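Here are two versions of the same chain, shown separately as structure tokens and labelled structure 1 and structure 2.
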Structure 1
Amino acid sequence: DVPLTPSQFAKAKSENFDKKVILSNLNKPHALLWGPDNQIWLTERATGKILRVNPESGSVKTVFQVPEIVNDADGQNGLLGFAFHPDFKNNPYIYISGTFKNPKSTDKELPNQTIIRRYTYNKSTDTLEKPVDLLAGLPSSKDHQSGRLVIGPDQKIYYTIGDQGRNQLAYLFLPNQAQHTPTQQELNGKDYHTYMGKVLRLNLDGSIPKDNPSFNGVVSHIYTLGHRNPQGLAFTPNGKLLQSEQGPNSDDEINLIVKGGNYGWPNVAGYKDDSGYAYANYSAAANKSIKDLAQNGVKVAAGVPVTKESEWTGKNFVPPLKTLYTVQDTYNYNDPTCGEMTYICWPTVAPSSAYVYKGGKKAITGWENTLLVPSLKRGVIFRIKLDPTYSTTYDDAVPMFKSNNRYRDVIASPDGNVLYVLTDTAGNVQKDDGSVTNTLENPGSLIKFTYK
């Protein structure tokens, strides 16, 4: 899609909802879920706390704090995945992922791993216990961790794991592994370094499903590959798997996740269109003193090999359902009209989640078959319509709830007339006038929006 302008974002104020801030100054609140007890459960990524919030009183209880979660103040690591077992009344399990020290690493510079872990909820003591590591030794870094964890209708865990930030910023010269897949020898050794930029599908005990797709002759936990930072993952009522993903300077994506698909990253951003992005592989640069011009690969410094999207030899490439947004090669990624933090005007929205709106007895008019996609950078939540079979999007991503907030997650109440949203505690967001602020209106908040 074509970017919206600052004025188009500014007017999306959702006057048809009442806003009530339930809590603020949460410590990097990250995921929220409607609990089996009809309370709001949310995670604090930085502290590893799992909080249960009564939405009417805002009363909070720290149900559990995941011990030894590792979080860096300037990082996206910490407590990430969070899901309830779908049959919680008979299987009172919570599944998480998080960043933990990796004792198998003596290197003090990539010191952590990601672990997918199950806890058991004890209703008598109202806490979590009996941890079981389901899958350990997963990559970890400060960037592009993703970590959305959902349980599918097939009773498998689906887990997004980002590309770790390779090929940008602090990890510029590390080779991006989104396209790489494990050999059998690596699987035998539990060497999961290729589990970057993937959607994994795991049995509930963490084992590899025998019916997972094959990539390069090997079935692993990988379900799909070629992702950058896939923070959103949600099943539709008819069993399809929708996803949102953050692109680089362009081409955030809404994807339909299909078994064995290749979502193209880093070779392809968005559509395979050679439009506004090319793959500049800094790990293959002539030397490490080269600078990233940060022009999305369209213009690069000498010495970094660039591959057009159309030059990539890909297999099973799956294009996005929708890009937020796609631009042409003439696009100026250094456009100063937004101010001197030019990225704010980049044709992206930084989607942080993806939520399938299920309606209910108070369903919001017109919202059938919608996907809600919060935006960190634009301070909106997008509503994306699909057809009733969830086979295509209809029309464009409609912005809602414009504010100076980095929206991090969204759910709806069972009745469907109330949305609950998390916001980041700190960061930059685009103001109504298009410029950047790091003054967030509701830092680290749980907000409810009630349809009038």
Structure 2
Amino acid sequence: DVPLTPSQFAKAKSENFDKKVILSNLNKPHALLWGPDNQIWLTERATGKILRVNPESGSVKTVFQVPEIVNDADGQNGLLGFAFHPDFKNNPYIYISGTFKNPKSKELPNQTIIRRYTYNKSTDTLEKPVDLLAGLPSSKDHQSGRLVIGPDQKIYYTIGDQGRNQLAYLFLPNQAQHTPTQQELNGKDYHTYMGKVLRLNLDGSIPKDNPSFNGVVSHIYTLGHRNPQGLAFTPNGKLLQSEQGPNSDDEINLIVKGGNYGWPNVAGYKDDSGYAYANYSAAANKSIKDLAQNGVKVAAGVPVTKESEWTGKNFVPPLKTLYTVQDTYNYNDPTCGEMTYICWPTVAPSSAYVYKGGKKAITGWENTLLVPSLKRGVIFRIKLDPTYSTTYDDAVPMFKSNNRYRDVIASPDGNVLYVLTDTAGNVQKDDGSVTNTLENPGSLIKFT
């Protein structure tokens, strides 16, 4: 899709909704869920706290604090994945993922672990931790970490590309396209588990019906992803996803078994438009600079591959891009002054939520996907047809404010939306400029 302008974003104020702050003292609130007890459960990424909030009254309790979570102030690591077992009353388990030190490792001292806890209703806390899958890659960037349980009773988990080929990890070779050998797998070497959607058995083992990649069945379900922070099943069992792109081409994807989503060789569609793959790990010197022009303009010494020059297999294009631009696009927009990036043709989607409606369903919102935006301070509404096979029309912005929206859910009746906002960071103002003064830092807000 074509980028909206600052003026278009500015007008998306959603005055048909009443706003109320439920909680405002949260630290890096990250995921929120409508729990089996009709309470809202949410996570704090850096503290590792799991909170439970009464949706009506706003009363809150800290149910548990995951010990030894590691978080960098300048990082995206910490407590990430969070889901309930679908038959909680009979299987009182909570599944998480988190950043923990890797005793087996200075560069990348940590690992990601997918862990199960048992909920004890009488004492109201979590106990009997079980590591389901450990030794997963960890870094400060592009961790993704959405964890959901599908209709098939398997765990689906997004694990980002770890930031390879950008900023602090510029010279590390991106592994989004790589898959494990049977040896690696046999040795629990999950280095290639970067830029993937994993599909695991509830005990962390490999599903016998997982797809085969380069001749091996591993935990990998799909590959070729950058930073997919949104993952959500539809009522008819399809799997929708949102994913952050570089300077362009954030994506809404339909996840299909064995698909290759193209990163880093392809951003968005395979169109050779506004992006090219500049592989710094293959560069001459590690002194070469990244001009940060999305591969369209690069310094000498770095090999560039056009999207159309890639020789990949099973490439699956996005349902929608937010956004795609042409090669004439100027990635250095003066409007954003110092924080040049905020003006890039992206929205920085932080999650993806399938709106299920209910007795008070919002008129016209049938079959919509809600996608919060960090940098634009809006929640997008994206309509799909009734079979969730295609998007209809464009991504419609809502709730414009000077806030970084991190996650969103709706009440069972469907007339109230609950959102999390970041504690700190940059956001685009109504006038297109940048501010780090957030209106509702680290909050749980409801829109009725």
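Here, residue number means position along structure 1's sequence, counting from 1. Here the rigid core means the biggest group of C-alpha atoms that line up within 1.5 Å when the two forms are laid on top of each other.
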Determine, with the core as the superposition reference, the one member of 91, 337, 332, 238 that shifts its CA by 2 Å or more between the two structures.
337
Per-residue C-alpha deviation between the two structures [residue 206; rigid core superposition; Å]:
0.2
Enter the rigid core superposed C-alpha shift of residue 56 between the two structures, rounded to one decimal in Å.
2.2
Cα of residue 24, core superposed, displaced between the two structures by (Å) 1.3
